[PDB]
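S.K.: Encoded as structure tokens, here's the structure I'll be asking about.
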Amino acid sequence: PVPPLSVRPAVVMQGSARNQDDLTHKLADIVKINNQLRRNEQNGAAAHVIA
Amino acid sequence: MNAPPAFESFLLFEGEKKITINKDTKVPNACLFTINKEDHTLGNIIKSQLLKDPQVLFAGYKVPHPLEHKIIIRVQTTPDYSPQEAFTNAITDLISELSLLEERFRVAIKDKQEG
Amino acid sequence: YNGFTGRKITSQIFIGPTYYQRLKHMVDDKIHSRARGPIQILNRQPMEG
RNA sequence: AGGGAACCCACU
């Protein structure tokens with residue numbers, strides 16, 4: 001489950017760049033690794049890299 | 001931030017009355033005089049003068065709160081007399097004594113200055 | 001002597017010069033009250049401080 | 001429309 005934005009609010013900061021919660025960065029890591037792992041299945045790859 | 005202005009202790013606010021009179025209903029012939037923007041100076045002299053009056057049964061004063069500028073004077077007299085009368089006569093006596101004292105101080109100053 | 005009445009005080013009073021300090025803690029830097037002001041983003045409870 | 005964390009000093 002991905003919590004709503006109110007659980008991990010992103011605050012408009014002095015620098016115009018928006019600020020992201022810790023949970024959002026962790027979810028970004030999870031999505032990246034999930035997508036990479038999905039790529040290494042639709043096209044076969046060494047069981048070592050999958051592990 | 002919450003400091004009262006210094007003039008607040010002696011200047012009457014708009015609509016505020018200098019003196020109010022109420023009856024003390026516990027006992028007969030007793031009145032409470034509330035005076036605004038006065039302190040121990042007047043209260044003490046008035047009370048002491050009232051205690052000099054043989055027809056006054058009770059006289060006392062108090063400042064209910066030092067951060068407020070009110071005095072309460074309670075006066076009880078004999079039934080043949082009135083607390084209003086006693087209060088008025090006490091002020092008259094105090095004024096007379098002060099006038100005499102001022103005259104005599106003037107005379108003493110003149111004597112001292114001449115020699 | 002009592003200032004209000006001018007009467008002497010029955011007990012005599014210990015009095016003299018003593019070095020006193022004014023500390024930095026002043027009430028006007030501490031007094032605070034709130035009635036529905038700003039709230040935190042994450043929980044919607046009143047801010048701290 | 002407005003942040004946050006960390007640390008330090010201090011008060012009862």
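Order determines the names: the first chain of the structure tokens is A, the second B, and so forth; residues in each chain are numbered 1 upward, and ligands are numbered 1 upward as they are shown.
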List every residue of chain B that DSSP, applied to the backbone of this structure, places in alpha helix (DSSP H), and write the result as a VMD selection string.

M.R.: chain B and resid 40 to 51 83 to 114

S.K.: Contacts between chain C and chain A, please, where a residue of chain A counts if it comes within 7 Å (with only C-alpha atoms); show its shortest atom pair and distance in Å to one decimal, rows by chain and ascending number, as a tab-separated table.

M.R.:
residue	atom	partner	partner_atom	distance
A:6	CA	C:42	CA	6.9
A:7	CA	C:42	CA	6.9
A:9	CA	C:42	CA	6.7

S.K.: Please, which residues of chain A lie no more than 8 Å from chain D when the count uses only C-alpha atoms (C1' of nucleotides), and can they be set out as a ChimeraX atom specification?

M.R.: /A:11-13

S.K.: Give me a file of those residues, with N, CA, C and O atoms, as a PDB file, in the first residue's frame.

M.R.:
ATOM      1  N   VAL A  11       5.999  19.692   1.172  1.00  0.00           N
ATOM      2  CA  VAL A  11       5.803  21.078   1.584  1.00  0.00           C
ATOM      3  C   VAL A  11       6.541  21.994   0.621  1.00  0.00           C
ATOM      4  O   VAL A  11       7.706  21.750   0.288  1.00  0.00           O
ATOM      5  N   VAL A  12       5.860  23.049   0.175  1.00  0.00           N
ATOM      6  CA  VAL A  12       6.457  24.058  -0.696  1.00  0.00           C
ATOM      7  C   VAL A  12       7.417  24.870   0.168  1.00  0.00           C
ATOM      8  O   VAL A  12       6.998  25.539   1.111  1.00  0.00           O
ATOM      9  N   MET A  13       8.708  24.812  -0.152  1.00  0.00           N
ATOM     10  CA  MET A  13       9.725  25.422   0.686  1.00  0.00           C
ATOM     11  C   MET A  13      10.216  26.731   0.068  1.00  0.00           C
ATOM     12  O   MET A  13       9.872  27.087  -1.062  1.00  0.00           O
TER      13      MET A  13
END

S.K.: Can I get the residues of chain C within 10 Å of chain D, each with the closest pair of atoms and their distance in Å to one decimal, using only C-alpha atoms (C1' of nucleotides), sorted chain first then ascending number, as a tab-separated table?

M.R.:
residue	atom	partner	partner_atom	distance
C:25	CA	D:11	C1'	8.3
C:38	CA	D:2	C1'	8.7
C:39	CA	D:2	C1'	9.5
C:40	CA	D:2	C1'	9.3
C:41	CA	D:3	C1'	8.8

S.K.: Please dump the current selection as a PDB file, in the first residue's frame; keep N, CA, C and O atoms.

M.R.:
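Final output, saved to again.pdb:
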ATOM      1  N   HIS C  25      15.681  36.624  32.794  1.00  0.00           N
ATOM      2  CA  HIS C  25      14.341  36.051  32.697  1.00  0.00           C
ATOM      3  C   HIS C  25      13.310  37.116  33.038  1.00  0.00           C
ATOM      4  O   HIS C  25      13.119  37.466  34.201  1.00  0.00           O
ATOM      5  N   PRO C  38      -2.241  28.981  14.245  1.00  0.00           N
ATOM      6  CA  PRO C  38      -1.720  28.056  13.229  1.00  0.00           C
ATOM      7  C   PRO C  38      -1.521  26.637  13.744  1.00  0.00           C
ATOM      8  O   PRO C  38      -1.328  26.391  14.934  1.00  0.00           O
ATOM      9  N   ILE C  39      -1.531  25.693  12.805  1.00  0.00           N
ATOM     10  CA  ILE C  39      -1.494  24.273  13.121  1.00  0.00           C
ATOM     11  C   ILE C  39      -0.418  23.591  12.292  1.00  0.00           C
ATOM     12  O   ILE C  39       0.012  24.090  11.254  1.00  0.00           O
ATOM     13  N   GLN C  40       0.015  22.432  12.766  1.00  0.00           N
ATOM     14  CA  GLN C  40       1.052  21.680  12.084  1.00  0.00           C
ATOM     15  C   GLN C  40       0.506  21.064  10.799  1.00  0.00           C
ATOM     16  O   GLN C  40      -0.689  20.814  10.654  1.00  0.00           O
ATOM     17  N   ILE C  41       1.406  20.829   9.851  1.00  0.00           N
ATOM     18  CA  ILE C  41       0.989  20.283   8.564  1.00  0.00           C
ATOM     19  C   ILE C  41       0.595  18.818   8.694  1.00  0.00           C
ATOM     20  O   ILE C  41      -0.468  18.409   8.223  1.00  0.00           O
TER      21      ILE C  41
END

S.K.: Quote the spacing between atom CA of residue 13 of chain B and atom CA of residue 68 of chain B in Å to one decimal place.

M.R.: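 These two atoms are separated by 12.9 Å.
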
S.K.: Given a cut-off of 8 Å, which residues of chain B touch chain C, counting only C-alpha atoms, written out as an MDAnalysis selection string?

M.R.: chainID B and resid 1 40:41 44

S.K.: Just the number, please: distance in Å from atom CA of residue 31 of chain B to atom CA of residue 69 of chain B, one decimal.

M.R.: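 Rounded to one decimal, the two atoms are 19.8 Å apart.
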
S.K.: At what distance in Å, to one decimal, does atom CA of residue 39 of chain B lie from atom CA of residue 66 of chain B?

M.R.: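 Spanning atom CA of residue 66 of chain B to atom CA of residue 39 of chain B is a straight-line distance of 9.0 Å.
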
S.K.: Taking 4 positions as the minimum chain separation for residues in the same chain, which residues sit within 7 Å of residue 76 of chain B when counting only C-alpha atoms (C1' of nucleotides)? Answer as number ranges by chain.

M.R.: B: 29-31, 56-59, 83

S.K.: Which is closest to residue 90 of chain B among B:52, B:112, B:70, B:65, if we use only C-alpha atoms?

M.R.: B:52
